[PDB]
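Undergrad: One structure, pasted below without further comment.
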Amino acid sequence: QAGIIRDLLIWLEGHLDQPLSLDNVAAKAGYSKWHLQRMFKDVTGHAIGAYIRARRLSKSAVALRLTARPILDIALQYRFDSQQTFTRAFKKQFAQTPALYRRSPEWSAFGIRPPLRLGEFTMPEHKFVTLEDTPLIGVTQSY
DNA sequence: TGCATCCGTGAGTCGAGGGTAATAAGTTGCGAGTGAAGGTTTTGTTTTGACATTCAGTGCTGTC
């Protein structure tokens, strides 16, 4: 029912990292590999399988732009199979070399796909301002 | 048959504090060896045909 898929993503957003998962591992959620896939297609508007590894790449794209690791820390970190295939699907998502992607300081959100909620989404508000050069005092350290 | 001379020997385990200081000619010629780093060469990270699967995709197919 509608209470299932919402609870599956509470697993899945927390288990987008730890299990090396395809839909066979996702088939342990009450029904078969196809029926859990059939139950997702209409209650969401997204198609689960190519989305998740792309969402796990979208989890890896912010890891490719704001985390301090090289290509092979994050080659198979997000449960992938190869690096050149990971480089390949990246071209169909961001149209940029990952060496070129962390070359430019500008980070545009083209291929990052948002995390899905079947329940109610807490929408933040926006207001566009233009700020001023203000002196302060503080120290720096890294992570 | 003595008489001189010339080498070669002399506690054990500790200890402290710490290596110091003369004087002197130059111009001129001129090859050889850090050196500016100029610049290539490699020895590795990235594009593109593939097509062989694979699971993802969507729906039907059959079922409690």
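Ligands are numbered from 1 in the order shown, chains are lettered A, B, ... in the order of the structure tokens, and residues start at 1 in each chain.
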Which parts of chain A does DSSP call helix (DSSP H, G or I) when run on the backbone here, written out as JSON, numbers by chain?
TA: {"A": [2, 3, 4, 5, 6, 7, 8, 9, 10, 11, 12, 13, 14, 25, 26, 27, 33, 34, 35, 36, 37, 38, 39, 40, 41, 42, 43, 44, 48, 49, 50, 51, 52, 53, 54, 55, 56, 57, 58, 59, 60, 61, 62, 63, 64, 65, 66, 84, 85, 86, 87, 88, 89, 90, 91, 92, 93, 94, 98, 99, 100, 101]}
Undergrad: Which polymer residues have any atom within 10 Å of an atom of segment 36-52 of chain A, counting only C-alpha atoms (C1' of nucleotides), with same-chain residues fewer than 4 positions away left out, as a CSV table (one decimal) with N, CA, C and O atoms (P, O5', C5', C4', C3', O3' and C1' of nucleotides), in the first residue's frame?
TA:
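Result went into out.csv, see below:
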chain,number,residue,atom,x,y,z
A,1,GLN,N,0.8,-1.2,0.0
A,1,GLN,CA,0.0,0.0,0.0
A,1,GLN,C,0.9,1.3,0.0
A,1,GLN,O,2.1,1.2,-0.2
A,2,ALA,N,0.2,2.4,0.2
A,2,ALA,CA,0.9,3.7,0.2
A,2,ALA,C,1.8,3.9,1.5
A,2,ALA,O,2.6,4.7,1.5
A,4,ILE,N,3.9,1.6,2.4
A,4,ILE,CA,5.1,0.8,2.3
A,4,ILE,C,6.2,1.6,1.7
A,4,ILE,O,7.3,1.7,2.4
A,5,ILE,N,6.0,2.2,0.5
A,5,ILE,CA,7.1,2.8,-0.2
A,5,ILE,C,7.8,4.0,0.5
A,5,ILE,O,9.0,4.2,0.5
A,6,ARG,N,7.0,4.7,1.3
A,6,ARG,CA,7.5,5.8,2.2
A,6,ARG,C,8.4,5.2,3.2
A,6,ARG,O,9.5,5.8,3.5
A,12,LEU,N,16.0,3.0,2.6
A,12,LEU,CA,16.8,3.1,1.4
A,12,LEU,C,17.7,4.4,1.4
A,12,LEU,O,18.8,4.3,1.0
A,13,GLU,N,17.2,5.5,2.0
A,13,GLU,CA,18.1,6.7,2.1
A,13,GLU,C,19.2,6.5,3.1
A,13,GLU,O,20.3,7.0,3.0
A,16,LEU,N,21.3,3.6,1.2
A,16,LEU,CA,21.9,3.9,-0.1
A,16,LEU,C,23.5,3.8,0.0
A,16,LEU,O,24.1,4.0,-1.1
A,21,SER,N,23.6,-3.0,-3.4
A,21,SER,CA,22.2,-3.4,-3.6
A,21,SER,C,21.7,-3.2,-5.0
A,21,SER,O,22.1,-2.2,-5.7
A,22,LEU,N,21.0,-4.2,-5.5
A,22,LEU,CA,20.2,-4.1,-6.7
A,22,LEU,C,18.8,-4.4,-6.2
A,22,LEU,O,18.5,-4.5,-5.0
A,23,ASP,N,17.8,-4.6,-7.2
A,23,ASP,CA,16.5,-4.9,-6.8
A,23,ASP,C,16.3,-6.3,-6.2
A,23,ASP,O,15.2,-6.5,-5.6
A,26,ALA,N,16.6,-5.4,-2.8
A,26,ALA,CA,15.3,-4.7,-2.5
A,26,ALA,C,14.1,-5.5,-2.6
A,26,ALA,O,13.0,-5.0,-2.2
A,27,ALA,N,14.2,-6.8,-3.0
A,27,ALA,CA,13.1,-7.7,-3.1
A,27,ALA,C,12.8,-8.3,-1.7
A,27,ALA,O,11.9,-9.2,-1.7
A,28,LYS,N,13.5,-8.0,-0.6
A,28,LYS,CA,13.2,-8.5,0.7
A,28,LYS,C,12.2,-7.6,1.4
A,28,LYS,O,12.2,-7.6,2.7
A,29,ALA,N,11.3,-6.9,0.7
A,29,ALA,CA,10.5,-5.9,1.3
A,29,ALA,C,9.0,-6.3,1.2
A,29,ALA,O,8.1,-5.4,0.9
A,30,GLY,N,8.7,-7.6,1.3
A,30,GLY,CA,7.3,-8.0,1.4
A,30,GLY,C,6.8,-8.7,0.1
A,30,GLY,O,6.0,-9.7,0.2
A,31,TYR,N,7.3,-8.3,-1.0
A,31,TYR,CA,6.8,-8.9,-2.3
A,31,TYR,C,8.0,-9.2,-3.2
A,31,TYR,O,9.2,-9.2,-2.7
A,32,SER,N,7.8,-9.6,-4.4
A,32,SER,CA,8.9,-10.0,-5.3
A,32,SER,C,9.7,-8.8,-5.8
A,32,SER,O,9.4,-7.6,-5.5
A,56,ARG,N,22.2,7.5,-6.0
A,56,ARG,CA,23.5,7.2,-5.3
A,56,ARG,C,24.7,7.9,-6.0
A,56,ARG,O,25.7,8.2,-5.4
A,57,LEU,N,24.6,8.1,-7.4
A,57,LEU,CA,25.5,9.0,-8.0
A,57,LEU,C,25.3,10.4,-7.7
A,57,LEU,O,26.2,11.2,-7.6
A,58,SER,N,24.0,10.8,-7.5
A,58,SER,CA,23.7,12.2,-7.1
A,58,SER,C,24.2,12.4,-5.6
A,58,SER,O,24.5,13.5,-5.2
A,59,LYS,N,24.1,11.3,-4.8
A,59,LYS,CA,24.8,11.3,-3.5
A,59,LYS,C,26.3,11.3,-3.7
A,59,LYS,O,27.0,11.8,-2.8
A,113,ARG,N,19.9,14.7,-8.4
A,113,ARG,CA,18.5,14.3,-8.3
A,113,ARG,C,18.1,14.3,-6.8
A,113,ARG,O,18.7,13.7,-6.0
A,115,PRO,N,16.4,13.8,-3.0
A,115,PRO,CA,15.9,12.6,-2.3
A,115,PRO,C,14.4,12.6,-2.2
A,115,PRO,O,13.8,13.6,-1.8
A,116,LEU,N,13.8,11.4,-2.5
A,116,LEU,CA,12.4,11.3,-2.7
A,116,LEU,C,11.7,11.1,-1.3
A,116,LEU,O,12.2,10.3,-0.5
A,117,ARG,N,10.6,11.7,-1.1
A,117,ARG,CA,9.7,11.5,0.0
A,117,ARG,C,8.3,11.1,-0.5
A,117,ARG,O,7.7,11.9,-1.3
A,118,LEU,N,7.7,10.0,-0.1
A,118,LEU,CA,6.3,9.7,-0.4
A,118,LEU,C,5.4,10.5,0.5
A,118,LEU,O,4.2,10.7,0.1
B,55,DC,P,20.9,-8.6,-13.5
B,55,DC,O5',20.3,-7.4,-12.6
B,55,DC,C5',21.0,-6.2,-12.6
B,55,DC,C4',20.1,-5.1,-13.3
B,55,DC,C3',18.7,-4.9,-12.7
B,55,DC,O3',18.4,-3.5,-12.7
B,55,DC,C1',18.6,-5.5,-15.0
B,56,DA,P,17.3,-2.9,-11.7
B,56,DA,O5',17.4,-1.4,-12.0
B,56,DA,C5',17.9,-0.9,-13.2
B,56,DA,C4',16.9,-0.8,-14.3
B,56,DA,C3',15.5,-0.3,-13.8
B,56,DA,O3',15.3,1.0,-14.4
B,56,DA,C1',15.3,-2.0,-15.4
B,57,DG,P,14.0,1.9,-13.8
B,57,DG,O5',12.9,1.6,-14.9
B,57,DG,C5',13.3,1.5,-16.3
B,57,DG,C4',12.1,0.9,-17.2
B,57,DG,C3',10.7,1.2,-16.6
B,57,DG,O3',10.1,2.2,-17.3
B,57,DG,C1',11.0,-1.0,-17.5
B,58,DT,P,8.8,2.9,-16.7
B,58,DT,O5',7.6,2.0,-17.1
B,58,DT,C5',7.4,1.7,-18.5
B,58,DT,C4',6.5,0.5,-18.7
B,58,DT,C3',5.2,0.5,-17.9
B,58,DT,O3',4.1,0.9,-18.7
B,58,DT,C1',6.2,-1.6,-18.1
B,59,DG,P,2.6,0.9,-18.1
B,59,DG,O5',2.0,-0.5,-18.5
B,59,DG,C5',2.2,-1.0,-19.8
B,59,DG,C4',2.1,-2.5,-19.8
B,59,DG,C3',0.8,-3.0,-19.1
B,59,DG,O3',-0.1,-3.4,-20.2
B,59,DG,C1',2.7,-4.4,-18.7
